[PDB]
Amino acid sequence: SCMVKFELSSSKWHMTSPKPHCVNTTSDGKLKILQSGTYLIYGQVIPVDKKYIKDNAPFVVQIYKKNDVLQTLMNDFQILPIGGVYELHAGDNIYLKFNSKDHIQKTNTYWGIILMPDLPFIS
């Protein structure tokens, strides 16, 4: 059972155990994957209200795995759920990149991962 949750407001991780077996975390909100497996990356990025962003810079969020883009997301400054099921390997780094971090409202913005268990049953 391995899961972590980073709240950007406080810059703290919350975790299943004191020293999780599956991941290491950093206080800038990056993770390193210690256990290869199927992971669910999740989170919600809250944009600053668009009336307050006075140029034409798009609201963009990317999740990286090492130096590869796992996904690129953009909407018109509306709340953005992120992530999905990804196959990760020991040693992989996961981190988010923002078009501009001034777009991001720290309060209630969060992200993390959960090591998924196998799902061998089907109906």
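The numbering used is simple: start at 1 and walk along the sequence shown.
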Of 46-54 and 60-68, the one with larger mean CA B-factor = 46-54
With respect to the recorded C-alpha B factors, which stretch has the higher mean value, 84-92 or 37-45?
-> 84-92
Looking only at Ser100, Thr109, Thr16, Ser10, the Cα with the top B-factor belongs to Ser10
Give the position of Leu31 by CA B-factor within its chain, expressed as the lowest, middle or highest third.
-> lowest
Give the position of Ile122 by CA B-factor within its chain, expressed as the lowest, middle or highest third.
-> middle
Rank-wise, by C-alpha B-factor, drop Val4 into the lowest, middle or highest third of its chain.
-> lowest
